[PDB]
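For reference, the chain that follows is the form solved without the named molecule, supplied as structure tokens.
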């Protein structure tokens, strides 16, 4: 029944081409946040959604098919739950001091240098990250872990990236 209700909701979200475009994704993400007053956000903008589509578009059709959209949606749900749980002052945002505990609850255990870099690149002047920034960040972080893993065949902790693959991975994202 859980499977059946979700299949139906994808069909309603994707429309006749049975894929979710960046614009489509934007409108449903914004409808979601409207329902959660505990999530502070300046909204999901079109370019952030284009990035999320690209990074999750493994079959390169330009849009999210059922399995791609399922994977992303279920990640957003789990990370939404985490954002709420680690926003302990109820600011609606993930502060610098909340961020490590949240990334780690999402299964991404980094280090001091890498957290600093994330806040520098993703958080605002006050070191705070709102909900669309946190989602955009994790979608990419998850993807980059998955891409390193796909490339690390022999399990050695070191990958070898050619220019073409570099370009593909960084630009279609």
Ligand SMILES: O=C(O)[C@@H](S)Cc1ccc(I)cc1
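Residue numbers count along the first chain shown, from 1. We call the rigid core whatever largest set of C-alpha positions still superposes within 1.5 Å between the two forms.
Remark: when the other structures in 5 other deposited structures of this protein are fitted onto this one via the rigid core, 111-119 deviates more than the alternative among 111-119 and 141-149, judged by RMS CA distance. Comparing the deposited coordinates for 13-21 and 152-160, the stretch with the larger average C-alpha B-factor is 152-160.
Between 69-77 and 88-96, the higher mean Cα B-factor belongs to 88-96. As recorded in the entry, 31 carries the highest CA temperature factor of 31, 63, 121, 146. Of the residues listed, 47, 142, 57, 112, the entry assigns the biggest Cα temperature factor to 112. When all modelled residues of the chain are sorted by CA temperature factor, residue 170 is found within the lowest third. Among the modelled residues of its chain, residue 138 has a C-alpha B-factor that falls in the lowest third, as given in the PDB entry. Residue 52 sits in the lowest third of its chain by CA B factor, as recorded in the PDB entry.
A second form of this protein, the form deposited with the named molecule bound, is not displayed here; the remarks below concern that form.
Within 2.4 Å of any backbone or C-beta atom of the shown chain, none of the atoms of the named molecule lands once it is superimposed from its position in the entry with it bound; the pocket counts as open. Comment: the named molecule is not present in this chain, but in the entry with it bound one of 140, 70, 50, 36 has a heavy atom within 4.5 Å of it, namely 36. With the partner omitted here, the residue from 119, 147, 32, 54 that has a non-hydrogen atom within 4.5 angstroms of the named molecule in the entry with it bound is 32.
With respect to the named molecule in the entry with it bound, the three residues 82, 85 and 103 uniformly fall beyond 4.5 angstroms at the level of their nearest heavy atom.
Taking non-hydrogen atoms only, residue 90 never approaches the named molecule to within 4.5 angstroms in the entry with it bound. Although the partner is absent here, residue 131 is a contact residue: one of its heavy atoms lies within 4.5 angstroms of the named molecule in the entry with it bound. Contacts with the named molecule in the entry with it bound, taken as any heavy atom within 4.5 Å, map to no residue of 138-170.
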